[PDB]
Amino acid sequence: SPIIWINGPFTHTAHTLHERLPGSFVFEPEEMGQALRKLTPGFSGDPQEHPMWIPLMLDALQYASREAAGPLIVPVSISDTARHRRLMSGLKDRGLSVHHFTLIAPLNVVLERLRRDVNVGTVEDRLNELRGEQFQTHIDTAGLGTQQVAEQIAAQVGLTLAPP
């Protein structure tokens, strides 16, 4: 069944798609990061930088793929071109064909989300990096609510959404 892989600079999109695709399951890669941080002596920093995170999370994803009734929805937040490539070639290796998207979001929307929980230049650098073609397919969310992003993503992948 389809795998919808959504990279973002921030979440709600994944949830919205989930609510409107019956049988769908939200696979959260961070669960593998939390396991690895607890199982590793002397670990610090971003769990998603653990050397085993990419291969073990993708192994789990492959198994999840075989068990999924409906579409498998995977929210990620990756900025590193090298980690992105590693992930993309890992999927391919495992024979997994995913619909992969990167959300291009307006600076003010990102800054406002971060504040409701931040150097503007550092945020803008990130958003500028995501706009690189190594991150295609791009979905620009300017002027769109979560419902409309979800709808746009579903249209691109050829999926019919249940109503809101």
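Numbering starts at 1 and follows the sequence shown.
### Message
Between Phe10 and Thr11, how many residues of the deposited sequence have no coordinates in this entry: none, 1 to 3, 4 to 9, or 10 or more?
### Response
The entry has a gap there, with 4 to 9 residues left out between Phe10 and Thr11.
### Interval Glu133-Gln134, deposited residues with no coordinates in the entry (none, 1 to 3, 4 to 9, 10 or more)
Unresolved stretch here: none.
### Selected stretch [higher average CA B-factor]: 155-163 or 1-9
According to the entry, 155-163 carries the higher average C-alpha B-factor.
### Task
Higher average CA B factor in the deposited record is what I'm after, so tell me if that's 139-147 or 17-25.
Averaging CA B-factors over each stretch, the winner is 17-25.
### Query
From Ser44, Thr122, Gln34, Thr40, pick the one with the largest CA B-factor in the entry?
The C-alpha B-factor peaks, among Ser44, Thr122, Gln34, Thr40, at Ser44.
### Task
Taking the chain's C-alpha temperature factors as the reference, tell me which third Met52 falls into: lowest, middle or highest.
Middle third by C-alpha B-factor.
#### Entry: Ranked against its chain, the third holding the CA B-factor of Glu30
For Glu30, whose C-alpha B-factor we compare with every modelled residue in the chain, the answer is the middle third.
### Task
Quick one: classify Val109 as lowest, middle or highest third of the chain based on its Cα B-factor.
Tercile = middle for this residue's CA B-factor.
### Query
Which third of the chain holds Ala69 when residues are ordered by C-alpha B factor: lowest, middle or highest?
It falls in the top third of the chain.
### Message
Can you tell me whether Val98 has a C-alpha B-factor in the lowest, middle or highest third compared with the other modelled residues of the same chain?
### Response
Within its chain, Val98 is a middle-third residue by C-alpha B-factor, going by the deposited values.
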